[PDB]
Amino acid sequence: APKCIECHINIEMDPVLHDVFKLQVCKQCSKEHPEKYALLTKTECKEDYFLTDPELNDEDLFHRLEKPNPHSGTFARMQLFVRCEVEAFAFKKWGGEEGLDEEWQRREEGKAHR
Amino acid sequence: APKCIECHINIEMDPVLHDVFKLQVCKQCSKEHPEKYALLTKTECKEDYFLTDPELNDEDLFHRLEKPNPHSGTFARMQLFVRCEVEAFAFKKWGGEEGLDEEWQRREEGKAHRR
DNA sequence: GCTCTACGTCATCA
DNA sequence: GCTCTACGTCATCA
Ligand SMILES: [Zn+2]
Ligand SMILES: [Zn+2]
């Protein structure tokens with residue numbers, strides 16, 4: 001049978017990482033490696049990775065899971081991205097983590113400015 | 001025999017102001033009164049009246065005529081609004097002609113700030 | 001640790 | 001004297 005690609009043991013994949021994000025990763029290894037598998041909100045993606053609404057709303061660029069807004073089911077749907085995908089785009093976009101941290105550096109000066 | 005609201009004489013209305021802007025006015029009168037009947041582009045509307053893309057897109061708030069973009073037919077469509085509508089909305093929004101003039105005054109001063 | 005949008009300008013590109 | 005979008009923050013509101 002096919003095996004979790006992190007641990008090489010488990011045969012029962014995490015239903016969400018599997019069905020939605022297309023990753024053969026079991027549940028236990030999703031927890032044990034949040035640097036890869038942690039589901040972040042759309043706002044977490046904007047602020048941590050400086051991704052813009054036009055790239056987060058590309059259907060053809062990220063998988064997503066959509067959830068009712070925990071604040072109210074009449075507010076816009078919660079969207080959830082798997083961290084390795086957004087990270088992997090964000091590292092192209094800004095040229096690696098070195099380059100990412102420099103844009104963090106750049107905007108915080110902007111606040112001292114204001 | 002319905003008559004032109006401007007001249008009170010012609011029976012034949014300008015087909016565009018009639019069909020599209022729902023105005024009972026003749027070609028000759030639209031011409032003589034640009035202050036009421038001139039068709040303005042979407043971009044003329046933003047420059048001159050400080051209306052915004054969200055207002056000008058409201059299907060339920062202005063009539064519009066659409067023509068192919070005169071620069072290229074591959075480009076986004078030209079959108080044409082009638083000056084009585086536009087000016088009317090903008091006067092409500094900016095508190096009259098005087099208020100629209102103040103707003104003008106304010107955005108010139110945004111450029112004197114950015115030298 | 002929720003999201004959309006609109007402000008605001010302008011530059012592109014279309 | 002053509003149009004949209006994006007790039008900016010946020011705030012507000014949904
Ligand atoms: Zn595993
Ligand atoms: Zn007439």
Side-chain angles (χ1 to χ4, degrees), chain A residues 31 34-35 37-62 64-83 86 89-90 92-95 99-100 102-104 106-108 110 112-113, chain B residues 34-35 37-59 61-62 64-83 86 89-90 93-95 99-100 102-105 107-112 114:
Chain A
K31 298 152 181 297
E35 80 281 13
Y37 297 117
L39 301 167
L40 323 166
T41 72
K42 202 177 196 214
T43 42
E44 281 171 332
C45 288
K46 290 170 177 162
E47 88 194 358
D48 298 336
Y49 295 114
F50 312 106
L51 270 44
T52 63
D53 274 306
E55 56 227 1
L56 294 167
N57 297 354
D58 206 334
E59 307 308 325
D60 301 326
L61 188 50
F62 303 116
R64 288 130 46 167
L65 182 69
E66 288 212 314
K67 296 293 298 179
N69 206 280
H71 299 276
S72 166
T74 80
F75 288 10
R77 284 186 303 264
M78 184 165 55
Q79 294 192 112
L80 283 166
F81 303 82
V82 73
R83 186 201 292 285
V86 296
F89 184 74
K92 293 187 155 44
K93 172 161 198 179
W94 306 111
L100 169 49
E102 278 149 17
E103 194 78 351
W104 185 79
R106 197 187 132 287
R107 299 169 184 227
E108 299 285 10
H113 260 289
Chain B
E35 79 294 324
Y37 303 117
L39 308 161
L40 317 157
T41 60
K42 189 183 215 173
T43 301
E44 281 181 61
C45 287
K46 299 164 160 169
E47 275 169 288
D48 298 26
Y49 297 105
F50 312 120
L51 308 189
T52 66
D53 284 303
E55 286 131 1
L56 292 178
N57 292 346
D58 203 325
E59 290 262 280
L61 184 49
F62 305 103
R64 52 192 58 67
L65 172 59
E66 264 164 12
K67 327 288 310 146
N69 195 287
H71 295 268
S72 173
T74 68
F75 297 171
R77 286 185 289 254
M78 185 154 58
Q79 293 185 121
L80 283 168
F81 304 88
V82 70
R83 171 177 278 124
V86 171
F89 182 87
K93 166 182 200 158
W94 299 112
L100 163 52
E102 261 125 20
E103 192 67 45
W104 191 77
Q105 216 187 162
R107 302 182 186 200
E108 304 300 324
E109 294 167 0
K111 283 161 185 178
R114 306 188 289 257

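By convention in this document, chain letters (A, B, ...) are assigned in the order of the sequence lines, proteins followed by strands, and residues within each chain are numbered from 1.
Proximity of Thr41(B) to the phosphate of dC2(D): no side-chain N or O atom is located under 4.0 Å from OP1 or OP2.
Applying the side chain to side chain donor-acceptor pair (under 3.5 Å) criterion to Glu44(B), with sequence neighbours excluded, gives no partner residue. Checked against side chain to side chain donor-acceptor pair (under 3.5 Å), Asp53(A) has the following partners two or more places apart in sequence or in another chain: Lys42(A), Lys46(A). Not counting sequence neighbours, the partners of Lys31(A) by the side chain to side chain contact (heavy atoms under 4.5 Å, CB included) test are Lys27(A). Considering only residues two or more places apart in sequence or on other chains, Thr74(B) meets the side chain to side chain contact (heavy atoms under 4.5 Å, CB included) condition with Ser72(B). The ring-ring contact (aromatic ring centres under 6.0 Å, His included) check on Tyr37(B) picks up nothing, with sequence neighbours excluded. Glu47(B) meets the side chain to side chain contact (heavy atoms under 4.5 Å, CB included) test with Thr43(B); sequence neighbours excluded. Every residue meeting the side chain to side chain donor-acceptor pair (under 3.5 Å) condition with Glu35(A), not counting sequence neighbours, appears here in chain and number order: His33(A). For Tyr49(B), there are no ring-ring contact (aromatic ring centres under 6.0 Å, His included) partners two or more places apart in sequence or in a different chain. Shown here are the side chain to side chain contact (heavy atoms under 4.5 Å, CB included) partners of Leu65(A), two or more places apart in sequence or in another chain: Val16(A), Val20(A), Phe21(A), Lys67(A), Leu80(A).
On the P atoms, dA14(C) is 16 Å away from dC7(D), given to the nearest whole Å.
The stretch residues 64-75 of chain B touches DNA chain D through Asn69(B), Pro70(B), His71(B), each having a heavy atom under 4.0 angstrom from the strand.
Spacing between atom CG of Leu51(B) and atom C1' of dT3(D) amounts to 16 Å, rounded to whole angstrom units. At whole-Å resolution of the value, CD in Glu109(B) and P in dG8(C) are 15 Å apart. One atom, CG of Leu39(B), and another, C1' of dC2(D), lie 15 Å apart when rounded to the nearest Å. Atom-to-atom, CG of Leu40(A) to P of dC2(C) comes out at 13 Å; the value is rounded to the nearest Å.
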All N/O pairs under 3.5 Å across the protein-nucleotides 4-7 of chain D interface:
{"residue": "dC4(D)", "atom": "OP2", "partner": "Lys42(B)", "partner atom": "NZ", "Å": "2.6"}
{"residue": "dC7(D)", "atom": "OP1", "partner": "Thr52(A)", "partner atom": "OG1", "Å": "2.9"}

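Ion pair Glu103(B)/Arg107(B) flagged as a salt bridge, since at least one NZ, NE, NH1 or NH2 atom sits closer than 4.0 Å to an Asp/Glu carboxylate oxygen.
Using a 4.5 Å cut-off on side-chain heavy atoms (C-beta onward), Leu100(A) and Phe50(A) make contact.
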Toss me the dot-bracket line for DNA chain D: Watson-Crick and G-U wobble, both under 3.5 Å, 5' to 3', using | for pairs to another strand and [ ] for crossers.
....|.....|...
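Distances were taken from every side-chain heavy atom of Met78(A) (C-beta onward) to each of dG1(D), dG1(C), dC2(C); the shortest belongs to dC2(C).
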